[PDB]
Amino acid sequence: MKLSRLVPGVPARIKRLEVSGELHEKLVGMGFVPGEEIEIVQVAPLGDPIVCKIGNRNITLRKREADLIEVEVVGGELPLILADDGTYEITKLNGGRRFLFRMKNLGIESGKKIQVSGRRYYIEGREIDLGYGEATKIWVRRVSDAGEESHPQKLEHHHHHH
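Every position in the sequence shown, counted from 1, becomes a number in our numbering once 100 is added.
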């Protein structure tokens, strides 16, 4: 989870910074230190920069730099499109009754263990029609059944360049 994709309003804690030298001192100079609780306030409609809150003050951060800061959702649960990896459990949906209707008929009712792979999610072997826009509306929790196979962890790096 990187703050470059964090839902505006949801607080996340700084795990670590996957960068050192030049940019690292800029980050800590603005407040980016392991332990901080950063919440996104608003995002530029074109993509970035993103305006977040660190130490009460608003910091303007660029995606290139944001992909280096690994954060964690303090809210206890997070949307599919922003999930880490492995097996998850569905906690709640966000939308209208027809939106729910799709989910009920697709297989995501409640408590279901859903797997994350590329741009499609798996309910017990059944692929769900969620790529991005709708995927942020379905919220899940990291359970890790450990019954299925492991995966290569997704660490992200955009250092020094822009």
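For every residue, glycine included, the Cβ atom is placed at its ideal position computed from N, Cα and C.
Rounded to the nearest angstrom, the Cβ distance from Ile150 to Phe132 is 13 Å, too far for a contact under 8 Å. Here the alpha carbon of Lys204 sits roughly 14 Å from the alpha carbon of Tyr222.
Within the model, the alpha-carbon separation for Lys254 versus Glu224 is close to 23 Å.
Separation of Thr191 and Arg219 (C-alpha to C-alpha, rounded to the nearest whole angstrom) is 20 Å. For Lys153, the enclosing beta strand (DSSP E) starts and ends at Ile150 to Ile154. Separation of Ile159 and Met130 (C-alpha to C-alpha, rounded to the nearest whole angstrom) is 7 Å. Taking C-beta separations shorter than 8 Å and ignoring five residues to either side along the sequence, the partners of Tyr232 in its chain run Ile181 and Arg219, following chain order. For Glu170, the secondary structure class from DSSP, reduced to helix, strand or coil, is strand. The beta carbon of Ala235 is closer than 6 Å to those of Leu180 and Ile181 in its chain, skipping five residues each way along the sequence. Around the Cβ of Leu146, a 10 Å sphere holds fewer than 16 other Cβ atoms; the residue is exposed. About 10 Å separates the CB atoms of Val171 and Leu117; that is not less than 8 Å, and the two are not in contact.
Within its own chain, the residues whose Cβ lies closer than 8 Å to the Cβ of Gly135, once the five positions on either side in sequence are excluded, are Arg113 and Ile114, listed in chain order. With respect to the C-alpha of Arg157, the residue from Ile238, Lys102, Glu139 and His251 having the closest C-alpha is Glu139.
When rounded, the separation of the alpha-carbon atoms in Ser250 and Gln215 is 12 Å.
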